[PDB]
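Below, each chain spelled out in residue letters.
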There are 2 protein chains.
Amino acid sequence: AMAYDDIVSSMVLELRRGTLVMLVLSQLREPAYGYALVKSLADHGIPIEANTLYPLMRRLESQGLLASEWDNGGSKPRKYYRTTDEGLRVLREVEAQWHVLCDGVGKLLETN
Amino acid sequence: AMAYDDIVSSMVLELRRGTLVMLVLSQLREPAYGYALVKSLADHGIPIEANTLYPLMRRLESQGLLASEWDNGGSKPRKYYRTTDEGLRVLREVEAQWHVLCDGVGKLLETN
């Protein structure tokens, strides 16, 4: 009724979430402040809260997959982040498996 | 080292999880016992524990998206489940948005 719309939204939201790490690693192949990444994702049609995004980025930093740097610009300091050599390796692997997954899922859904 | 393999596995595992509800609704367009669905998914290359699968199916039942029936066959009773008219509606919507999502994600990853 509106319950059904709510069910659909949230199942679409789930699908989107799964893809975010990959999108973050991909974006941060160019060094960026978290705020910039936020607007960069929403600009490409992918909404993400700072409250989700920032913990995800630090967790990726703790994995060796992002590295970070402080910029002092008098406004305040802000970190920028960049995908490391290992992060790109991880990204490229996951992406290739994602594509296989998508074709496998597609075929299974098409059994008609 | 093996940490990296573990990071990759789990990011691939995440991607797979997102797709499961859709696969369950799709499979249960033919009535099936949970045990059958378990083996049916692992047969198509998608591993799922009964411990995850069964709560997901009841939650889908509580949404009006699966309905269920008891079979008494003397071994014991077992429920079978089937996708309802609303479930197929929900499935077909999510799937169409999933495809758009995949093409959007693909293009974003290919910016080179």
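Reading guide: rules and limits
Residues numbered from 1 in each chain as written, not as in the entry; some residues may be left out. Chains lettered and ligands numbered in written order. Heavy atoms only, no water. Residues with missing side-chain atoms left out of burial classes, pairs and counts. Contact = heavy atoms within 4.5 Å. Helix = DSSP H or I, 4+ residues; strand = E, 2+ residues; numbered from the N terminus. Nonpolar A, V, L, I, M, F, W, Y, C, P; charged D, E, K, R; others polar. Buried < 20%, exposed > 50% of the residue type's maximum accessible area, 1.4 Å probe, protein only. 1 Å grid on protein atoms, 1.4 Å probe; cavity = no way out; pocket = protein on both sides within 12 Å on 5 of 7 lines; lining within 4 Å. Points joined across faces, edges and corners; volume = space filled by probe spheres on them.

1. What to know about the interface of chain A and chain B
Taken together, the contacts link 37 residues of chain A with 37 residues of chain B. Of all the elements in the fold, those that place two or more residues in the side of chain A that touches chain B are α1 (3-27) and α4 (85-109) of chain A. Among the residues making up the side of chain A that touches chain B, the classes are represented as 20 nonpolar, eleven polar and six charged.

2. Focus: the environment of A:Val8
Mapped onto the elements, A:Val8 comes out in helix α1. The exposure class of A:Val8 is buried, given its relative accessible area of 11%. Every residue in contact with A:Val8, bar those within four places of it in the chain, is listed here: B:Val90, B:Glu93 and B:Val94.

3. Some words on empty space enclosed by the protein
Estimates place the volume of the largest cavity at around 110 Å³. Lining the largest cavity are 14 residues; nearest its centre among them are A:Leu15, A:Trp98, B:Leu15, B:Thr19 and B:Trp98. Mapped by element, the contributors of at least two residues to the lining of the largest cavity are α1 and α4 of chain A together with α1 (3-27) and α4 (85-109) of chain B. Per-class residue counts for the lining of the largest cavity are nine nonpolar, four polar and one charged.

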